[PDB]
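Quick heads-up: it's one chain on its own, the form deposited in one PDB entry, in structure tokens.
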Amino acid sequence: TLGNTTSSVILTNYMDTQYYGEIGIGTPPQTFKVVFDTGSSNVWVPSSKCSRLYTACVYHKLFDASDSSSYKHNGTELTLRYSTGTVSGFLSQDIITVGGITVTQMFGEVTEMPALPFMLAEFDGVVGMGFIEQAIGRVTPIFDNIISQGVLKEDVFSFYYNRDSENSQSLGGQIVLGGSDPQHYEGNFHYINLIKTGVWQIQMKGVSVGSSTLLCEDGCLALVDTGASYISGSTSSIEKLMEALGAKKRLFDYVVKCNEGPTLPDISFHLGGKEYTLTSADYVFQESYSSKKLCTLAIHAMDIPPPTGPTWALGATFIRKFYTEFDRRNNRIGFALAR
């Protein structure tokens, strides 16, 4: 069922690596900073039942079911194993407000939240924007429950991620539920169909580094991930790509001498009919131009296990350059040049 409602959620940009907005859980609402993530399908927030021996719980907002009149107990155990770390707890039901839309939602109350990496998180929890097929405990995702209300103009949602400005008047980003915002893209959308329903993953025809370098020569996969900070490829792919850029490997990332940063070649991703090109300014964290400092790149190695992987992941690095529309009705992803 389709309505005529478009709902927008304003996002805060934390250092070009974390994009989060607000949701309200319970009666009266308890507010949380959440990442709207296409690479996962579960909703979770830290719990008041989390041991204060987990320091990430001490430094985050905690859901207290005892203060909510609309809460409905469940208690089923839940473990969420991600590429960056694991969280676990149990299932709870309550009313969630997201951009003015109110929805009765089943979510995870996290009682085990590791300091590495969650002490580095500015956000409290996660709003999984993925499909039911990837939902742990087969819990209905929030977008499916919003679709069931039949209030949205279209069975789509869109992402705008801005570049990190020091100006407070700068919008960090914006998620539109039920449509797209023409004020944050130009030209037209070009769509690529999903390999299969259940994953925001598309076919990638090839990856180009300048002129003389080539990767994904025989085709590969690309996960379009709003929760991932960077563009990622497999260790092998990223080793060849980084050799071509003259970048040196560290523990969790790759770096270049800051002065070498603006000299780096363009990187192009062949998706559907079009070539999606990023210049050095789009993937180098140009914190200085000094020959005496090292500058990080917004491209990392990440080995995603099957059935989803081995795959590339197009995170915030990609979405900043290209406004993204996630189309559920047609199982496709649309890209347009952001503005």
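Definition used throughout: the rigid core is the maximal C-alpha set that superposes within 1.5 Å between two forms. The numbering used is simple: start at 1 and walk along the sequence shown.
Compared with other PDB entries of the same protein, residue 2 is missing from at least a third of those that resolve the residues around it.
Residue 237, modelled here, also has coordinates in every other compared entry of this protein that models residues flanking it, well short of the third needed to call it frequently missing. Checked against the record, the higher mean CA B factor of 144-152 and 210-218 lies with 210-218. Here 230-238 and 119-127 are compared by their mean Cα B-factor, and 230-238 comes out higher. For the set 80, 110, 175, 245, the maximum C-alpha B-factor listed in the entry falls on 245. Which of 54, 44, 289, 36 has the largest Cα B-factor in the deposited entry comes down to 289. Residue 265: CA B factor lies in the highest third for its chain, per the PDB record. In the PDB entry, a CA B factor belonging to the middle third of its chain's modelled residues is recorded for residue 181. When the modelled residues of the chain are ordered by C-alpha B-factor, residue 67 sits in the lowest third. For residue 280, the recorded CA B-factor ranks within the middle third of the chain. Only modelled residues enter the ranking. Among the modelled residues of its chain, residue 225 has a C-alpha B-factor that falls in the middle third, as given in the PDB entry.
One more form of this protein exists, namely the form deposited in another entry; it is left out here, but the text below deals with it.
Lining up the core between this form and the one not shown shows that one residue from 153, 205, 257, 184 moves its Cα 2 Å or more, and that residue is 257. The Cα shift for residue 277 between this form and the one not shown, taken after rigid core superposition, is smaller than 2 angstroms. Comparing the forms between this form and the one not shown on their rigid core, the Cα displacement of residue 302 stays under 2 Å. Here residue 136 does not count as shifted, since its C-alpha moves by less than 2 Å between this form and the one not shown after the core is aligned.
Cα of residue 192 to Cα of residue 212: at least 3 Å shorter in the other form than in the shown structure. Legend note: Cα of residue 228 to Cα of residue 15 is at least 3 Å closer in the other form than in the depicted form.
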